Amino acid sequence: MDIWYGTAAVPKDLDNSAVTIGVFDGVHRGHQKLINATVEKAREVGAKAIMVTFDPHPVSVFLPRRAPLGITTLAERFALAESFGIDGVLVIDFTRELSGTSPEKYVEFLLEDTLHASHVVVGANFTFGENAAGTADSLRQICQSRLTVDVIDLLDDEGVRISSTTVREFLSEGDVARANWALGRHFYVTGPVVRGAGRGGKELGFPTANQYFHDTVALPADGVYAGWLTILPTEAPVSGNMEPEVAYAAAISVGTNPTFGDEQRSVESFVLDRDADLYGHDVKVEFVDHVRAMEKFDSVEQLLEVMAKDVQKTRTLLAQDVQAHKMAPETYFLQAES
């Protein structure tokens, strides 16, 4: 998959495309409808399926540091796009271009001159051009006799509107199960494992993995979750009895760091039935279900007691998740008991 930053980076010899346009944060089930529609048409006419997306978030251009939290990183947005059949992603920066353009010139410059599009696919909530003047209906009329337009209804399922907003709401509530249902996959984050408390191994109270994330990253509410930890493909040696590319059952503790930065987030993972230290590796953490709210501990005895209960409930939640094989990992480790 090609990745182009700005209209100038797009190849001049691009001959034909089917294009979908949006922020696409989270690549949720509604987004997948737009992408599938685009990929299907591109196949039919022998063109490239192209995603036009935005970075920074369009809201951040107007309200710096008050944009919505990133459901995924830009890098994972690219990976997800590719996984659903996108051939090229054009990343637009509204501080550089296409902000003060009329709807008419937006279609002329982006869809025609740049992308040579014969088809465009957008959601019913699509807007474009200076001061948001263009709507999905504007697009239909401007494109008359120039390219075909598919405006897809926003996705409603089980009485819920599936949008980036609703996914962020679910994550903020700690309802990862609903977030996952809307995403069509387990919500996950990926990052390097750093040093934390002790070293991972025989001690149940030392995390197997410690990770930290910036304040722009959407994470579930502080608390403990059932999930799966995967060491991403690597030839680097691994301390302990975990193999790369296997999803290991884990109790995952999400927290925040007080006094200096009221939003520096940590993810501490306690891998079930394993003795390992993952310092230095890139690790994916998929969230499955909420186990409990955060609590303060008065003794090691109490801490370890609650730890063991988290493991018990995690084991039950994950055993059930496997049966929803569709979101479950292909290769996984989960013992029937300790």
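In this text, residue numbers run from 1 along the sequence as written.
Visitor: Of the two stretches 179-187 and 156-164, which shows the higher Cα B-factor on average in the entry?
Guide: Mean B over CA atoms: larger for 156-164.
Visitor: Taking the mean of the C-alpha B-factors per stretch from the entry, tell me the winner out of 42-50 and 268-276.
Guide: It is 42-50 that shows the higher mean C-alpha B-factor.
Visitor: I'd like to know which of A79, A132, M242, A226 has the highest C-alpha temperature factor in the PDB entry.
Guide: The listed residue with the largest C-alpha B-factor is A132.
Visitor: For the listed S253, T256, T72, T230, which has the peak Cα B-factor recorded in the PDB entry?
Guide: Answer, based on the entry's C-alpha B-factors: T256.
Visitor: When the deposited Cα B-factors of this chain's modelled residues are ordered and cut into thirds, is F84 in the lowest, the middle or the highest one?
Guide: Answer is middle: the recorded C-alpha B-factor places it there.
Visitor: Using only modelled residues of the chain, where does the Cα B factor of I142 rank: lowest third, middle third or highest third?
Guide: CA B-factor rank for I142: highest third.
Visitor: In terms of the CA temperature factor given in the entry, to which third of its chain does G196 belong: lowest, middle or highest?
Guide: Within its chain, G196 is a highest-third residue by C-alpha B-factor, going by the deposited values.
Visitor: In terms of the CA temperature factor given in the entry, to which third of its chain does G205 belong: lowest, middle or highest?
Guide: Answer is highest: the recorded C-alpha B-factor places it there.
Visitor: What third of its chain, lowest, middle or highest, does the C-alpha temperature factor of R315 fall into?
Guide: Within its chain, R315 is a lowest-third residue by C-alpha B-factor, going by the deposited values.
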